[PDB]
Amino acid sequence: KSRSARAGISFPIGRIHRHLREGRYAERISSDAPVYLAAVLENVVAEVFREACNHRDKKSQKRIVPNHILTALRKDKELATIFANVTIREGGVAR
Amino acid sequence: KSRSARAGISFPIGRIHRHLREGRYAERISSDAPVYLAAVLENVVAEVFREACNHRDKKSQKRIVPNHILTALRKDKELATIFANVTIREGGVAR
Amino acid sequence: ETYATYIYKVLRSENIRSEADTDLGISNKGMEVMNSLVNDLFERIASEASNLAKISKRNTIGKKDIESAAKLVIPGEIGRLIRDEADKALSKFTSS
Amino acid sequence: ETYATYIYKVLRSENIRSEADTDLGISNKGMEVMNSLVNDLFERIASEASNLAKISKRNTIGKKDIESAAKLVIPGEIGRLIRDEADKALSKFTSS
Amino acid sequence: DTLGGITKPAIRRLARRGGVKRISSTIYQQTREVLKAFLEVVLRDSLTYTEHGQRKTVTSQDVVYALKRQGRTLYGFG
Amino acid sequence: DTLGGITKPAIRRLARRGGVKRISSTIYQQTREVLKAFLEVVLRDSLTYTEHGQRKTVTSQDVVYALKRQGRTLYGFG
Amino acid sequence: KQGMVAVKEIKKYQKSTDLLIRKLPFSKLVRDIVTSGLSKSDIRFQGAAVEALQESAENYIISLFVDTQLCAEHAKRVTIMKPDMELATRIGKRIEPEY
Amino acid sequence: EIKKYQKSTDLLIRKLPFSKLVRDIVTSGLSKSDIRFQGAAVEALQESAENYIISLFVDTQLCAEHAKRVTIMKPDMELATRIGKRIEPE
DNA sequence: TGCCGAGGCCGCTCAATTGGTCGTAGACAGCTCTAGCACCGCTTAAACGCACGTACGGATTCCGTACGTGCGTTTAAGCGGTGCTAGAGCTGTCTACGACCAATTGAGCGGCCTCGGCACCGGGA
DNA sequence: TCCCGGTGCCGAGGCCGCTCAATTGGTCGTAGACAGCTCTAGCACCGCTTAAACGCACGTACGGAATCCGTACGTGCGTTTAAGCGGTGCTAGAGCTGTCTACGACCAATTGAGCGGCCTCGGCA
């Protein structure tokens, strides 16, 4: 029914399409662009959560607080290159 | 009596306006704005030429080559801040 | 206009494979950080897609542009995995 | 589509009071460097004006936006000097 | 009487979180006048992003944008 | 082997312009490796800007865009 | 004893996530710099704006101290000294002070 | 010599071996075969690479001077690669 | 000493300019009421300063070797050559796709409530 | 100091319902894909012509290790300070709505500055 659900994604293809169009990123936004961008964003969030969980299991904190996200971003090599210049509110430090 | 001549500038008011439009930096472009942008660009170029001569008058080569621009960009703190990440082609290193 | 509910959805979905299988809720501050991460990465990918459109001189940012932008912003092994699962999602969506 | 002739013009205008032993012409490679510098600074100022428009939520990049973009891209003492001479040019242009 | 606000134990704490063990005496003044230069730059760009919006209350969005102007992006404010 | 093509005197040149006097014999290999890492990043981004162009030649503008992508704006190639 | 609580200090201040610099003195610095240095007057700071300024500035100083401890440890030292911070400021292209 | 190389602008890494280096890197680590390099592209890439390594050596000599040393050594380059945001090797 | 590139002329041309309408983006004014400022006393924790002494920086010597320098020999980088063509780039058709729209509607937001995790705390080990 | 059983607070989390944004189908128009042609530039082998790399001998200057002294920096304590709170009181101004209008997009016409093409002669190899 909805574009997000149909694609097997969790992220809003409708909202992403609206942001793309109103963000003036180009005159037109091909219909495949929002679905793919939603999938990419969804998978990046999944990857960040995965890394936070793998670095968290030792700390075993049930939640995910900004410190865990900062650890995930600062530890994995690829994620570190992606978010090298990313400070995080109440980030703490990645051991 | 084109706009470049009218404004006292030498930089192309029309060309900058066209680039500002086709670049799609914004939907509309108030025709008072390209004038200001062309003036800022001309002033920056004049300033960089002024400091190239300022730092080179010792050599009296009577010509500007990319090394001159490199030293001008990377000597004075204001230009150094503007063009910190620049790497001039065939430039060399600031004296 | 935040990606709060969607981040909740993806968190719950990723719990399924993880052996932890905890509801694993995300703290408000952490929720804001993840939201800002989604917005920052979306701005980065969409801006790179805009630059790629302007480079190739086209008025539309197709799938080619978002894919190349995801290959630029998100490089490496995690980038290949994410673009692959994104191609999976897009193929599933387009075949319907 | 290069700013070659215009850079020549600004060089001559600045030199009418600089070392006048000769017209300090700019070497071809130096011309390419200055042209790319103009293009880079114009893209930087126009991109900052785009971001400032999107921030203030306006479809047009007025003089306000190019001025704030010049105050962001070109900071410091040289930034004030350049924006002042730009306001001089703009006042001269509008009064005509 | 401005940087004195960044008190000696404040630099001590900052640096302990950073990782150092023993801090010299010149480091206090030097980090005070490094933090002050960073704030000069970030607050110049943030006051620009404010005065452009025809405001005078510097918002946290203005700060996030002024930081993103220096590549340092903040997550957790907008 | 290809990487070893950056001859030891070429690295000595690079470093003398950078203002070094004496170069420990291990700096040669570490410089070769950091140059290879730099070129791997820049060439991945340049190949991406090329593959997006649907063409098989990485042009000067592709490399310039890659470098802008990673921070170092080049002047004088287009 | 001269280093017995240094490890406790570093562990305690790396396990937490709070804001290290006291909030009102840093806010006072921000208002003082906005008026003294910039010369702009009657500028009011949104609370979240001072908060993001403080978080980013203290994270910048913390990264500066990481880089300073790296510089020291490289000089076979234990005490970060003004040369160490000057190197971590010149090498990592941070914003050098005026003078 | 420091003077002759510092003041000149002529390229430093010999063009052909560096071209082989860039071509091999694209054709081996990246593994994209049949990639053709525009001459200007390899020139610009080499210019940027040598400029980045020259700045890396500037920071290496800074770190060396800082260690009360006259010979730059591998720990110095590792520091000038870690303190700066430069791309650490593989 | 001559040779070629910065600079100047030439003619086409394409991009800049202007004049006028329309509609629309936005500057402004007026209203709301959030929230930033100020302020005060009180708590109290945090800062300060001084005493003290340990340990760290640095100043010094000194030996080992890992550097640069200086040869000759070897090499492969450079260049000019042509030749070979993949493939970049420009054009011209068209159609598969996106904008736009109205109407449909249901996902998503805030508002309100809850209870289980956790900061805290005190105990015990 | 760890390691854990109660405790009270509060934020994750769930349910609702109102809303506005997402979705669907249809027109209609046009962007881009796709093919076809043109020839630029990359590439490749080749062979000289060097000039740079290389490998080794040498020896010296420098890294580092080892020691020694002074002092500066950490630790602790008592005294002083002001950060923070939170609670109130004040108003500036951020922001949101509505209005009205000056201005920019767009088209049609116009026009001349800027492009490459071509030339020349003085700065330079």
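Structure determination for this PDB entry is given in the record as cryo-EM, at a resolution of 3.57 Å.

In the annotation of the PDB entry, chain H is listed under the name Histone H3 and assigned to Giardia intestinalis. The record lists its title as "Cryo-EM structure of the nucleosome containing Giardia histones".

A. Local environment of the pattern of salt bridges. A full pass over the atoms with the stated rule returns 39 salt bridges over all chains. Its salt-bridge partner being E27 of chain B, residue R24 of chain A comes within 3.8 Å of it at the nearest N-O pair. Pair noted here: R24 of chain A is in the loop between helix 2 (13-22) and helix 3 (32-56) and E27 of chain B is in the loop between helix 2 (13-22) and helix 3 (33-56), and the two residues belong to different chains. Of the residues examined, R24 of chain A reaches a relative accessible area of 38% and is grouped as partly exposed. Using a relative accessible area of 46% as the deciding quantity, one classes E27 of chain B as partly exposed. The partner of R86 of chain H in a salt bridge is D59 of chain H, with the nearest N and O atoms 2.4 Å apart. A residue pair is termed long-range when its members are at least 10 positions apart, and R86 of chain H in the segment after helix 4 (74-82) and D59 of chain H in helix 3 (residues 39-66) qualify at 27 residues. Of the residues examined, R86 of chain H reaches a relative accessible area of 7% and is grouped as buried.

B. Quick peek at the packing of helix 4 (residues 82-90) of chain G against helix 3 of chain H. Where helix 4 of chain G contacts helix 3 of chain H, the axes come no closer than 11 Å and their chain directions differ by 180°. In terms of axis orientation, helix 4 of chain G runs roughly antiparallel to helix 3 of chain H. Note on element contacts: helix 3 of chain H touches helix 4 of chain G through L62, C63 and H66 of chain H, opposite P83, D84, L87 and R90 of chain G. Grouping the constituent residues of the contact of helix 4 of chain G with helix 3 of chain H by class yields 4 nonpolar, 1 polar and 2 charged.

C. Seen up close, a positive patch on the surface. Among the surface-exposed residues, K58, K59, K75, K77 and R95 of chain A together with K11 and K15 of chain G lie close enough to one another that they form a single positively charged patch. In this fold, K59 of chain A is placed in the loop between helix 3 and helix 4 (66-75). Using a relative accessible area of 36% as the deciding quantity, one classes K59 of chain A as partly exposed.

D. Local environment of the protein's contact with DNA strand I. For DNA strand I, the set of nearby residues contains 61 residues, the closest of which are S30 of chain A, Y6 of chain C, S24 of chain F, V78 of chain G together with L16 of chain H. Of all DNA strand I atoms lying within 4 Å of any protein atom, the proportion belonging to sugar or phosphate reaches 99%. Note that a phosphate oxygen of DNA strand I is positioned 2.6 Å from one of the side-chain N or O atoms of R13 of chain E. Between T79 of chain G and DNA strand I, the recorded distance is 2.9 Å, taken from a backbone N or O atom to a phosphate oxygen.

The rules we used
Residues numbered from 1 in each chain as written, not as in the entry; some residues may be left out. Chains lettered and ligands numbered in written order. Heavy atoms only, no water. Residues with missing side-chain atoms left out of burial classes, pairs and counts. Salt bridge = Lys/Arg side-chain N within 4 Å of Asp/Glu carboxyl O. Helix = DSSP H or I, 4+ residues; strand = E, 2+ residues; numbered from the N terminus. Buried < 20%, exposed > 50% of the residue type's maximum accessible area, 1.4 Å probe, protein only. Axes fitted to C-alpha atoms, helices over the stretch in contact; angles between N-to-C directions. Parallel < 35°, antiparallel > 145°, perpendicular 65-115°, else oblique. Contact = heavy atoms within 4.5 Å. Nonpolar A, V, L, I, M, F, W, Y, C, P; charged D, E, K, R; others polar. Patch = residues over 30% accessible without salt bridge, like charges linked within 9 Å, V, L, I, M, F, W, Y side chains within 5 Å. Areas by Shrake-Rupley, 256 points an atom, 1.4 Å probe, with all protein chains shown as cover. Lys, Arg positive; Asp, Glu negative; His and termini not counted. Charge placed at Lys NZ, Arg CZ, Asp CG, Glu CD. Near = heavy atom within 4 Å. Polar contact = N/O pair within 3.5 Å; in protein donor to acceptor, adjacent residues only side chain to side chain.

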